[PDB]
Structures are given as C-alpha cells and as structure tokens.
Number of protein chains: 2
Amino acid sequence: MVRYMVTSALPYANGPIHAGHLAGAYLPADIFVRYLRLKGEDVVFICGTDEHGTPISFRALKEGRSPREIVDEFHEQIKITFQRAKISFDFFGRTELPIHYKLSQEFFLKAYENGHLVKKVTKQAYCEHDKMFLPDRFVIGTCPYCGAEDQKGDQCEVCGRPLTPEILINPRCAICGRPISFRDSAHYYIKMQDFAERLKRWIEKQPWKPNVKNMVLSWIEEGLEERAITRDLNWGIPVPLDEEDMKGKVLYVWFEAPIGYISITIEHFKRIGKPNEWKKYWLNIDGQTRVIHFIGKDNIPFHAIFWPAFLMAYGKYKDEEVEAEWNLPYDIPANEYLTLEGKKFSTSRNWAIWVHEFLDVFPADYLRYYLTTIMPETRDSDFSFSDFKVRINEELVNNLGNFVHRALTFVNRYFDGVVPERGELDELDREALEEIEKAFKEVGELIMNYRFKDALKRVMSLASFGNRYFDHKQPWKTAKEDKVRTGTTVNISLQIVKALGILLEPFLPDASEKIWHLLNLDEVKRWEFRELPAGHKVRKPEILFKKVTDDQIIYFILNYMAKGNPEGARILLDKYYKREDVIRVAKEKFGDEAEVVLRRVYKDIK
Amino acid sequence: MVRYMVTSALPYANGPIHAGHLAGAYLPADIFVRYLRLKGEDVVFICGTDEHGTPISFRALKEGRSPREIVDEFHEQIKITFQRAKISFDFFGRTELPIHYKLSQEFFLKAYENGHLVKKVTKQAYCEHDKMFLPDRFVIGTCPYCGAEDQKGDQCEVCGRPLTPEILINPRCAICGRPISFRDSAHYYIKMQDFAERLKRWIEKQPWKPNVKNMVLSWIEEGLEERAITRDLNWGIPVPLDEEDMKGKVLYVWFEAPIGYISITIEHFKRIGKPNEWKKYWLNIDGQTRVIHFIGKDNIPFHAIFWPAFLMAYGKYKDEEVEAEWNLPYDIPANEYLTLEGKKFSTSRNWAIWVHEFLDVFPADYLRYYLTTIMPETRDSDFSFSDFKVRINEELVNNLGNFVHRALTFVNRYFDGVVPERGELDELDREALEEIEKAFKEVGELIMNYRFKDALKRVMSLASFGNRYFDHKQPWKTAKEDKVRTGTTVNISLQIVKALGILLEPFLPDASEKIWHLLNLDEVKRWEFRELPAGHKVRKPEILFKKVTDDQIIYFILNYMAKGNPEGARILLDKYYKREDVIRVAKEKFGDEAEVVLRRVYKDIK
Ligand SMILES: [Zn+2]
Ligand SMILES: [Zn+2]
Ligand SMILES: [Zn+2]
Ligand SMILES: [Zn+2]
C-alpha cells in the first residue's frame, strides 16, 4: 500500500499569485490530493513560500525595506490567498524556517563530503560606489536578442526570455546606475556530470510521458556543466564552511529551494506532534512512497535533473534510524501556461487575473470550476471573461445547480422532504444507480492520471444525466397518478445528488458542503458510495449557484484591471459592452468617484 | 489534571467583525488558549458563525438574496479574518452544520420530554400584502423612549437600546410599509422557573466575581418568565414535532445558538479522526473539565442563566457510553465595550475599526498588541490613532524591538553570531536569569486570571529590563578590554531574547516566530525555559518592527474611514494633521483620484 508525498512548486515570496500559477500547479495538486483523501489513501500535501534569491533582495533596495519585511508580508498574503482558494495544503511553511537552514546546509555539506563540489574563482560584477557584488537581477542594461533599455534577470518585456547578466549591453549597476566593475570571487560548484549516467538510467525506468522523458534525456545527452550553488548575497542561508573567503556568502536559492519540500514536511510532523513520521515520506525505507511534484512546465528540467542529483549528492541519510536514501520524484505533473483574453499574463504590463483580487468578486467554486474547465493540460489555454460567465451560468447554474434544486424542490413538495422508499425499478432506475457507480469509478481514474478537465467533465455529465432522468420521468405528472412511482424517481434522483456531493468535493469544496447540508448529512465524506436511506430527513430547497452578472464583470474590470492598465480595460469593455451600460454600472457602483474612472479608461469622454 | 473546553461567543453571520468584537471575546480567548498550549495543558478552542435569526433573514429580503447566500459569504469573510487576526480556534464551524440541526432538535425534544415546555397561542404580527408573520427585526416604527422614524430589533441609533417590537409607535411591516396585522400563533416555551433554584444554588458555589455572581442572583430573585423558544421564520432549524401547527416553524436562534458550542466541537473531533473524544469535554464523566466562555458583558445573563438551564432541561445524555450530564460554565470571562476616538462603535454611523480593513495596512501584532494594551477589562476603553502609533513606536519599536536588535547586533559583531560561554556571574547576571524565571511565573498567573493587559505588561517590562541590563553593562566598552566579560553579558542578553520569544507568543505570534528564527531555533515552543547553549549559531541582525507612520494613518482614515463617514474622517484629520500634509499623502497615494477624496472629506476646498 503506497502512501503519497504530494507537493506544489514553492511560490516565490516576491508577489501575489495569479490564475496562471494556480491553474499551473496548485489547483491540480488540490484536486488530486482531496480525491486521495476521499479514497482514504495516506497522503501528505506540502508547500510554502520560497523566500530567498536575488529578486527579493532587489525589491528590498527598491522599496527601501529589508528582505525579511517583504517575505513576511507575502507569506501571509499568499497563505491566506491559498486558504481563500481552498487549497488544502496539510501545511504551508517557508524557507525562512530554522530547520530549512539546517537541512540545506547539511545538504551542501554532504555534497562537500562526497567530493561532488569544486571551489572556483571567477571574475564577477561589482559596484564601487556601493561596495557590493552585483548578482543576476542587478544587471541593468540593453537586451540580449532585441535591444531595449533596462533588462533584469531573465524574463523581459520585449521578446526576451532568458538574457544572461553579461550578454547585456551597457552593464550599469541597477542600484545607482554606475557602470559595473569586475572583482574576482570564489564559489563552490556541483559536478553535475557525476550524476548524468545514474540519472539517465533512473529516468529510463519511469512512467513519465516521452514528450518529457525523452526531451530530458536529450538535454542530458550533452554533459552537465558544473553549476554554481553559492552566491554573493547578503540575504540567504550561509554556506557552512568556516573560512574567510566564504564569509558573507549564501547557498544559491536555486539549490536550497527544493530542499524546502523536505524541510517543511519535517516542520509539519514536528508541530503536528509526531516528530519522526516525516522519515517514511522522503526516505526510501521499506520503499514505496510515491513522491509527486505538481509544477509548471518550466520546472520539468530542474525537477527531473538537478533536484534529483542534489538528492543523490547526499548519498546517505543516517542516524538513530535506518541509513536509507532520499526517494526520487515518482512523478512530476506539469501544466502549460495560461493567457488572458488572448495575451500572456504580465506583471510588468499589469495584465493578469490575481487570485486575491478575483476572489473578491466571485466565489472560489467559480474560479476553481472555470479554471479546471480550461486546465492548461496538453497545451496553453486562454482565460476569457465571456467564456467564464457563460460556462458558469450555462453549466454550473443551469445544469448542476438546476438539477440539485429541482430534486430537493420535489422531495419537499410531495414528501415533505422525507426520502421515499423505492419500489420496482425499470431500465432507467436500474441505469441511474449504475451511472453513479460508473462516475465514481471513471472520475477516480481520470484524476489519478492528471486528467482533471476530463474528470470534472465526467462529473458534470452525471448531473447532466440526472437532469435527463428527471426530464423524462416527469415526477410532476406521475405524482398525480402513481405515488409509489414518483417515490422511486425521487429517491433515485437524490441518490444522484448525494453522489454528486462527494464527486464534486475534489473540485468545488463549497458546493460540496452546500449539497451535504441540503441532504442534511454528518456522514464523513468518502469515495465509497452508500445510498440515502428511506425516511431520511432532507432540508428545504435552497439555491446552489447565482448566475454571474455583467454588472460583476464590469465592476471587476473597472475596479481592478483598469487602474494598472486602463487601455487593457477599455479594450475589454467596449468589446463586450456599450459605453452607456458601463457608465451606469460605474455610476451605481462608485458613487462620487465613478466619473474619475470612466474618463480614466475611455481616454476622453468629457 | 484538568483539560479545558474554551469557546468564544459565536459571531453573527450578518456582517464583519470589528475591534470591539475582537477585544471583547476573541483576542482574550486566543491569548489564554495559546498560553495553555505552551503550558502543555489539554485544551480545545472552538467557535463558528451563528447563522440563523430574524436579522440575517431581514437582510435577505433587503438585498434580495437567500439567507444562505449571505451566511456563506460571511462565514468565509469571518473565518479568514480570524486567520488574519491569528486567532487559533482549533476549529471554526457554523450553525448550518447538519449535526447542529440534530443536536439542537434533540435538545428541544429533551425539553419536551421532561415537561419543561408549554405550548401557547398568542396573537402576533402579520402582513396580509405579504402573507407572512412579522417577527422581531421586521418592526418598522417610531421609537420606545425617544420618538424617531424607523426602529428595528433592539439597538437603535438614537438613545434607544432595547425597544420591544410592540412598544413601537405606528407598526408598519418593514418589507412593504403596510401597517401590521394580527394573526394568532402557537409557540412552545421553557418554564425557566423550573431551574431558578437549582441555578441560584449552582451559582452560589462558584469562583465568579461578585459584581456578576450577585447581580445575576438578583436578576433571578424575581422569577424566570417562561421564555419562547420557537419562531415564525422561514430560515432556521425546524421544530421536530410532526404536527400541522408547528409546520413552517423554527427553533429560536436564541435557544439553539449556544448548542453550537457543542455541535462544532463534535464536528471537530469527527473530521479530526477521533469521533468520540468530544464527550469528555462537554459531558461531566469523571468530571473535571473547566468550560470557559469568553464573551462580552452583554452575554453574561444568557451564559449564566438561560444557557445553563437549556443544559439542565436536557437532564440526561445517554447512549452506548455513560449516561452523564452536560458540564456547566466553569467560568464566563466578559469584557466591556470599546470606543473609537471618544465615540461608540457604530455600524449605522459607519464608525468602527473593522479588523479586515485595518489588517490591510497594519500587521496583526500591532493590532493585537495595542488592543491588549487597552483591553476593556474592568471598564470601557477608547481606541485612538495617536494612542495606537505612539504605543507601537515608543513601546514595541523603541523597546522590545530595540532590545532584540541590539542583542543580536552584538553577538554578531563580537562573536560572529555564536553564543559565548558564560564566566562568573555578578549581581546583575544573577538577577537577569532570575527575572526570566519571574516573568514566566507571573505572566502565566496573570493570564490564568484574565489579566492580559497586565500580563502583556509583565512581558514588556522584561524587555525593558533587558535594555537596562545592556545600558549599564556597556558591552561596546567591555569588548575592548575583557572578552570573557562581554561574553557573559551577551550570552545573558540572548537568554532574555529566547525567553521573550516564548512569552510573547500568546500575545504576538508573528513577532514570536520572528524571534525564534533570529535565534535560529527548531525547539518546540514551550513555557518551560531552557537557556541557549554556548556554541549555538544565531542569525544576522534583522529588524523586528517598523515604526507606524502618519502616512499610514492618513491613508487608512482616507481610504476606509472617509467614504462611509467623511465627516468622521475630516474631524480626525484636521485634528491630528494639517490639510497641506493630508493632501500630499492623498496626492502621492491615490494618483488620479486623490482630488476626488480630499473634496469628499473637506466639504469645500476647490
Ligand atoms: Zn528584449
Ligand atoms: Zn551601484
Ligand atoms: Zn430612539
Ligand atoms: Zn409587508
């Protein structure tokens, strides 16, 4: 019996998360883990904020704040956001945890000890007016492909994606604009080549899709250049070595980050009261823990190559309990990117769907539903507002919500909300109870295969099946002729609602508890279905979902989207709506300030 | 060995919580429970949203939304807010839980069964244009003391506090203004008189303060009028009785609400995996569970009289395990009200400090610190912005934060962050380690006595003691003469920081983890102090707290306070600040909209 150690790529504590992030590695992981829990399986779901690296440091000088100040701010912002998103991480830690410092440092020390490292002195950047080295994101120059002013790290705003700090033209320190200087420095490196073979061999015998497995093999087919794992940063985890040359140096966040996956788990079992249980999840003791890594496509290389090697370089974990080895990525589910109304998410262009903002106007189920509806699985998908409301209202409201409502509304009208007893069953009755079985079976398999968009579809169809059932069983007619008959229809219909109650859970937790209350159940939610007993008391018909409005979308676009990118807003607005309508919404939404918005989006209007 | 069943008054799901609420019953409870946990004691901390009652129903017709829609919205808003507030409820449920429905209904049925009830028909309100009864908050008329138009429930906006629905002049249904009608109805009542004696007797033998114990006794000294526990509402828990007269009737929220205290706990142990542990907390088995009820003064009567009786009326709980009785309120800590800048919190006047808004500009420690600083213990206290910043900056920043910073900054300057070994100890060294003991001892006692304002003070003084220590031990001098000496000072100083790390926890969780990371500790936080070992590696000097700004307060007042109550804002602004300063802050804070604010607060300015 396998147990599961599930993680989600650590979000960087330099900003808030957007739907691309969620759709990319959190929502999938949540859907998967919830399922596993309903299955009764043994799974741990971990995550936390990545709090080191040049960026965070950069931003600190930028806003004149300590790197600690900002990560403390974003850890809270993100942890709460995930709670809002209903992402059930068993624990959400942070790489600022003392234990992370200890484990990373050990990790590095284990690499020292197995001669997988190599000190090296290189000539590198510097500022004399600021008396400090100038790592990655401090580069401030022209581009490496196109030629634009001011380019940092490796993302751009031009065409540029990945522009090493040196291929940049006119190197000038970002902090003060002083043209860079060159001071040589010492850093330790990892002889990745030491694991190329062992890696390739391991990758061979593994259930990953060729589109990855292979491309990975290729990438390895040409040596692994010794990568540096140290940095000249004033923020981060100190390199253990007590020498004078390694003073004021830190472990490349690039190296310690993944170790966070273990650090946090350990932290989890500590505070949970069972200090040593973590060992069975990350250590290959009587080996059989499937370690899953939900990530974004960009993380495949790292997770299928370097991270595994970092683990190997620590050959032996060993004290007071088995000297076993670290497990390796069982699987590394990755998702493509997400676009917004035809364009890519852009923090620069301030064009994205921020979870915390979006969740201010729409319920979590809506964001979770639609996003799974467009899960960037095999390719990229495009978030669209017209697409969003239409799927919710047409699918979630008109179908799932509709069925549930009808069902209850009937058991309440003809039986005073008491579950009728079932008489003989004809073909449909027989087929309906079978469909319930089919769903549980198939949805479960689709999930274990990372086919969420299709898994959610299998569920919606069951609701679709329920509607049909009702539509052509006509309880409103049958009730004026054959009581017993209607009783069956009704009882059967509710069975489908209870089932839809458990099946939905992994996808929409809230619409799940909503249904459970309507059915009035204490029953611990589980994947093994059990019919609703006759004589069971159900609650009065409530509503499941309220249709998305244009008033809402406009309010959203105007209130968030707009200031940050007025043109983006304007283009969206007079693309879906008439200006005479937006004004009205704006007027009856922003009181004595509506006017100082409309003019802000529609360049000139007064 | 006692275990503790701690609760906080269920917040009503009709709106967000404000500092008065927090200061009144949540913050106290949190400080108490955290302590208990650090003490290693066995405590359960429960709470959830009260989701029934006329109000919620009212609001529903008001905004044309189902009562369920709104409670779902506020349960999320409040649960997240509490997370933001760092209130560690072991579980935050809701009275919409199926189990609540079951337990309440049983409770009522147990009262039926022990003849503590009495059906009665009364002539009551109605609307014929709306074909519905008109309970409490539907009353819409002139006042009962002063004479003002439109008065609902029992709170006012005039002078009025508690105006029974009938003493109101010109009774007109609130929904449509149609002057009320009178249709007789049947409701069950509880013969409170049946418990007067048994109550008074119980209250006698109990450790409550006379100012309560007595006033309670008086209140009881004149019969307990049979109170109605049923209602003509379409939203709520159905009365079990299957009769045609009790159809469409519900249990007065007033009756079921407290039962939520048990419902949720049960729900807690269910989902936690240990289904039956709840029995030992609410049932008096081998009796010794101290049940504490953190509430507001307004709740004393209810919690010391009716709630206990409701418990008695259920004489026997009994199946498959001991037929024991429900425990009774061990203690019922209550706090006075809170005022804002000299005036009372007012949802009507839109004058209050909303936790979720306030926590958008200031860290949770700041709100928790200041509020405990003004805990409405023996009387009412007044929240004030000048008072807020001054205490934070002068106390939290300049003292606690200052000490911590100095300490680390030294162990890092003269020992490369490594804990020095202690040599001979003189009087101060000896006294310093003793002070640490004293603090733990006294703070702990002050907490167990609900003396938080003083408990927090005992802690700040320890930090104050640390500063003095340092000030007159002069490490910066001693380091250029006697190494060993400085080592002691330093080692000692850090002991005080680690201690301040645990002591703070109950009050400021974040400044607590901040200190723990600086000290670089894995050690599970506990109330039993253990010195920092020599040779221990501490982190580089960070900052603990950033001083509150005027830019912040103005931004807050302008961004939240203002629209909702522009006059309130204006009066605050040009009372603390010059208009030429507010403008600047407003201009460099609201970009292209600053102008449409300043004019909104300062009536005319252009
Ligand atoms: Zn470029
Ligand atoms: Zn510079
Ligand atoms: Zn009045
Ligand atoms: Zn009316």
# chains A, B, ... in the order shown; residues from 1 in each chain; ligands from 1
call {"tool": "residues_near_ligand", "arguments": {"ligand": "ligand 4", "cutoff": "10 Å", "atoms": "only C-alpha atoms and all ligand atoms", "output": "ChimeraX atom specification"}}
result
/B:126-134,138,172-181
call {"tool": "residues_around", "arguments": {"residues": "residue 452 (chain B)", "least_positions_apart": "6", "cutoff": "10 Å", "atoms": "only C-alpha atoms", "output": "list in words"}}
result
residues 27, 28, 31, 32, 372, 373, 374, 375, 377, 443, 444, 446, 458, 506 and 507 of chain B
call {"tool": "write_last_selection", "arguments": {"atoms": "N, CA, C and O atoms", "output": "compact mmCIF listing (two decimals), in the first residue's frame"}}
result
# COMPACT_ATOMS: atom_id res chain seq x y z
N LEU B 27 -9.66 37.92 21.03
CA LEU B 27 -8.27 38.17 21.40
C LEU B 27 -7.99 37.63 22.80
O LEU B 27 -6.99 36.97 23.02
N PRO B 28 -8.88 37.90 23.78
CA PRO B 28 -8.65 37.40 25.13
C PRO B 28 -8.51 35.88 25.09
O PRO B 28 -7.51 35.31 25.55
N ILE B 31 -5.20 34.61 23.57
CA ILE B 31 -4.07 34.79 24.50
C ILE B 31 -4.08 33.71 25.58
O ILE B 31 -3.04 33.14 25.94
N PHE B 32 -5.27 33.42 26.08
CA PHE B 32 -5.46 32.41 27.11
C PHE B 32 -5.13 30.99 26.60
O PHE B 32 -4.34 30.25 27.19
N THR B 372 -4.56 44.77 23.34
CA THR B 372 -4.36 44.17 24.66
C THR B 372 -3.92 45.27 25.62
O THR B 372 -4.17 45.22 26.81
N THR B 373 -3.27 46.28 25.05
CA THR B 373 -2.80 47.45 25.77
C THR B 373 -3.99 48.26 26.32
O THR B 373 -3.86 49.02 27.28
N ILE B 374 -5.14 48.09 25.70
CA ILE B 374 -6.32 48.81 26.09
C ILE B 374 -7.48 47.86 26.33
O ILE B 374 -8.64 48.24 26.23
N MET B 375 -7.16 46.62 26.64
CA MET B 375 -8.17 45.60 26.89
C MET B 375 -9.27 46.19 27.78
O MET B 375 -8.99 46.62 28.89
N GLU B 377 -11.04 45.54 30.01
CA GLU B 377 -11.25 44.68 31.16
C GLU B 377 -12.29 45.18 32.16
O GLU B 377 -13.48 45.00 31.95
N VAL B 443 3.65 36.12 34.47
CA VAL B 443 2.84 36.28 33.27
C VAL B 443 1.83 35.14 33.24
O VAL B 443 0.63 35.35 33.07
N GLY B 444 2.32 33.92 33.44
CA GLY B 444 1.42 32.78 33.44
C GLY B 444 0.24 32.95 34.38
O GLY B 444 -0.89 32.64 34.00
N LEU B 446 -1.01 35.81 35.64
CA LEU B 446 -1.86 36.91 35.22
C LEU B 446 -2.81 36.47 34.12
O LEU B 446 -3.96 36.92 34.06
N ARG B 458 3.84 42.65 31.98
CA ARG B 458 4.91 41.95 32.68
C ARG B 458 5.97 41.56 31.66
O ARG B 458 7.15 41.52 31.97
N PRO B 506 1.87 34.04 23.08
CA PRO B 506 0.43 34.21 23.36
C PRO B 506 -0.14 35.54 22.89
O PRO B 506 -1.29 35.64 22.52
N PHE B 507 0.69 36.57 22.90
CA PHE B 507 0.24 37.88 22.51
C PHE B 507 0.50 38.23 21.07
O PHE B 507 -0.41 38.67 20.39
call {"tool": "residues_around", "arguments": {"residues": "residue 398 (chain A)", "least_positions_apart": "6", "cutoff": "12 Å", "atoms": "only C-alpha atoms", "output": "list in words"}}
result
residues 389, 390, 391, 392, 404, 405, 406, 460, 463, 464, 467, 543, 544, 545, 546, 547 and 548 of chain A
call {"tool": "interface_residues", "arguments": {"of": "chain B", "to": "chain A", "cutoff": "7 Å", "atoms": "only C-alpha atoms", "output": "number ranges by chain"}}
result
B: 97-99, 517, 520-522, 593, 596
call {"tool": "residues_near_ligand", "arguments": {"ligand": "ligand 1", "cutoff": "7 Å", "atoms": "only C-alpha atoms and all ligand atoms", "output": "list in words"}}
result
residues 143, 144, 145, 146, 147, 148, 156, 157, 158, 159 and 160 of chain A
call {"tool": "closest_residue", "arguments": {"among": "A:125, A:428, A:436, A:23", "to": "ligand 2", "atoms": "only C-alpha atoms and all ligand atoms"}}
result
A:125
call {"tool": "residues_around", "arguments": {"residues": "region 287-289 of chain A", "least_positions_apart": "3", "cutoff": "8 Å", "atoms": "only C-alpha atoms", "output": "ChimeraX atom specification"}}
result
/A:1-5,280-284,327
call {"tool": "write_last_selection", "arguments": {"atoms": "N, CA and C atoms", "output": "PDB file, in the first residue's frame"}}
result
ATOM      1  N   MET A   1       0.844  -1.220   0.000  1.00  0.00           N
ATOM      2  CA  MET A   1       0.000   0.000   0.000  1.00  0.00           C
ATOM      3  C   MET A   1       0.862   1.246   0.000  1.00  0.00           C
ATOM      4  N   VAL A   2       0.788   1.996  -1.097  1.00  0.00           N
ATOM      5  CA  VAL A   2       1.531   3.236  -1.265  1.00  0.00           C
ATOM      6  C   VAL A   2       0.940   4.355  -0.411  1.00  0.00           C
ATOM      7  N   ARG A   3       1.779   5.313  -0.072  1.00  0.00           N
ATOM      8  CA  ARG A   3       1.387   6.486   0.671  1.00  0.00           C
ATOM      9  C   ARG A   3       1.830   7.552  -0.317  1.00  0.00           C
ATOM     10  N   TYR A   4       1.324   8.776  -0.207  1.00  0.00           N
ATOM     11  CA  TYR A   4       1.750   9.795  -1.162  1.00  0.00           C
ATOM     12  C   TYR A   4       2.307  11.052  -0.516  1.00  0.00           C
ATOM     13  N   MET A   5       3.452  11.490  -1.023  1.00  0.00           N
ATOM     14  CA  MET A   5       4.076  12.713  -0.552  1.00  0.00           C
ATOM     15  C   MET A   5       3.863  13.701  -1.689  1.00  0.00           C
ATOM     16  N   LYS A 280       9.500   8.443   6.721  1.00  0.00           N
ATOM     17  CA  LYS A 280       8.903   7.469   5.819  1.00  0.00           C
ATOM     18  C   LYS A 280       8.428   8.088   4.505  1.00  0.00           C
ATOM     19  N   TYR A 281       8.265   9.403   4.473  1.00  0.00           N
ATOM     20  CA  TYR A 281       7.798  10.030   3.248  1.00  0.00           C
ATOM     21  C   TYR A 281       8.908  10.445   2.291  1.00  0.00           C
ATOM     22  N   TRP A 282      10.029  10.914   2.823  1.00  0.00           N
ATOM     23  CA  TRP A 282      11.122  11.352   1.959  1.00  0.00           C
ATOM     24  C   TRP A 282      12.281  10.370   1.872  1.00  0.00           C
ATOM     25  N   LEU A 283      12.330   9.444   2.821  1.00  0.00           N
ATOM     26  CA  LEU A 283      13.374   8.429   2.839  1.00  0.00           C
ATOM     27  C   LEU A 283      12.790   7.152   2.258  1.00  0.00           C
ATOM     28  N   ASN A 284      13.612   6.419   1.512  1.00  0.00           N
ATOM     29  CA  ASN A 284      13.218   5.163   0.879  1.00  0.00           C
ATOM     30  C   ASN A 284      13.488   4.005   1.839  1.00  0.00           C
ATOM     31  N   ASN A 327      13.994   9.470  -1.422  1.00  0.00           N
ATOM     32  CA  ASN A 327      13.187   8.971  -2.535  1.00  0.00           C
ATOM     33  C   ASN A 327      13.429   9.936  -3.684  1.00  0.00           C
TER      34      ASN A 327
END
call {"tool": "select_by_dssp", "arguments": {"residues": "region 346-381 of chain A", "states": "strand (DSSP E or B)", "output": "PyMOL selection string"}}
result
chain A and resi 346+351+354+381
call {"tool": "residues_around", "arguments": {"residues": "region 210-219 of chain A", "least_positions_apart": "6", "cutoff": "7 Å", "atoms": "only C-alpha atoms", "output": "list in words"}}
result
residues 200, 203 and 301 of chain A
call {"tool": "residues_around", "arguments": {"residues": "residue 87 (chain A)", "least_positions_apart": "5", "cutoff": "8 Å", "atoms": "only C-alpha atoms", "output": "PDB file with N, CA and C atoms, in the first residue's frame"}}
result
ATOM      1  N   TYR A  26      -1.154  24.427  -8.357  1.00  0.00           N
ATOM      2  CA  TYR A  26      -1.853  24.312  -7.072  1.00  0.00           C
ATOM      3  C   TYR A  26      -3.222  23.652  -7.187  1.00  0.00           C
ATOM      4  N   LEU A  27      -4.065  24.221  -8.041  1.00  0.00           N
ATOM      5  CA  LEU A  27      -5.394  23.673  -8.257  1.00  0.00           C
ATOM      6  C   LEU A  27      -5.302  22.192  -8.639  1.00  0.00           C
ATOM      7  N   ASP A  30      -4.440  20.162  -5.620  1.00  0.00           N
ATOM      8  CA  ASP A  30      -5.534  20.125  -4.652  1.00  0.00           C
ATOM      9  C   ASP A  30      -6.571  19.084  -5.054  1.00  0.00           C
ATOM     10  N   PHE A  82      -4.256  31.173  -0.537  1.00  0.00           N
ATOM     11  CA  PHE A  82      -4.467  29.750  -0.765  1.00  0.00           C
ATOM     12  C   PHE A  82      -5.645  29.252   0.066  1.00  0.00           C
TER      13      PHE A  82
END
call {"tool": "residues_around", "arguments": {"residues": "residue 532 (chain B)", "least_positions_apart": "5", "cutoff": "9 Å", "atoms": "only C-alpha atoms", "output": "list in words"}}
result
residues 419, 491, 494, 495, 498 and 519 of chain B
call {"tool": "write_last_selection", "arguments": {"atoms": "N, CA and C atoms", "output": "mmCIF file, in the first residue's frame"}}
result
data_model
loop_
_atom_site.group_PDB
_atom_site.id
_atom_site.type_symbol
_atom_site.label_atom_id
_atom_site.label_comp_id
_atom_site.auth_asym_id
_atom_site.auth_seq_id
_atom_site.Cartn_x
_atom_site.Cartn_y
_atom_site.Cartn_z
ATOM 1 N N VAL B 419 26.864 31.903 20.205
ATOM 2 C CA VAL B 419 26.604 32.098 21.631
ATOM 3 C C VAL B 419 27.801 31.857 22.547
ATOM 4 N N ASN B 491 25.764 36.407 26.251
ATOM 5 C CA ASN B 491 25.043 35.154 26.484
ATOM 6 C C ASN B 491 23.767 35.437 27.285
ATOM 7 N N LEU B 494 20.995 37.209 25.365
ATOM 8 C CA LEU B 494 20.291 36.343 24.431
ATOM 9 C C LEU B 494 19.287 35.457 25.168
ATOM 10 N N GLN B 495 19.638 35.034 26.377
ATOM 11 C CA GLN B 495 18.736 34.205 27.163
ATOM 12 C C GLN B 495 17.417 34.953 27.285
ATOM 13 N N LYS B 498 15.448 34.775 23.925
ATOM 14 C CA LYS B 498 14.786 33.497 23.713
ATOM 15 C C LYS B 498 13.537 33.387 24.564
ATOM 16 N N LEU B 519 16.951 33.623 16.422
ATOM 17 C CA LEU B 519 17.685 32.788 17.364
ATOM 18 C C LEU B 519 17.968 31.463 16.683
#
call {"tool": "select_by_dssp", "arguments": {"residues": "region 45-268 of chain B", "states": "alpha helix (DSSP H)", "output": "VMD selection string"}}
result
chain B and resid 54 to 62 67 to 85 98 to 113 196 to 204 210 to 220 253 to 256 260 to 268
call {"tool": "closest_residue", "arguments": {"among": "B:257, B:570, B:151, B:191", "to": "ligand 3", "atoms": "only C-alpha atoms and all ligand atoms"}}
result
B:151
call {"tool": "atom_distance", "arguments": {"atom1": "CA of residue 334 (chain A)", "atom2": "CA of residue 294 (chain A)"}}
result
6.0 Å
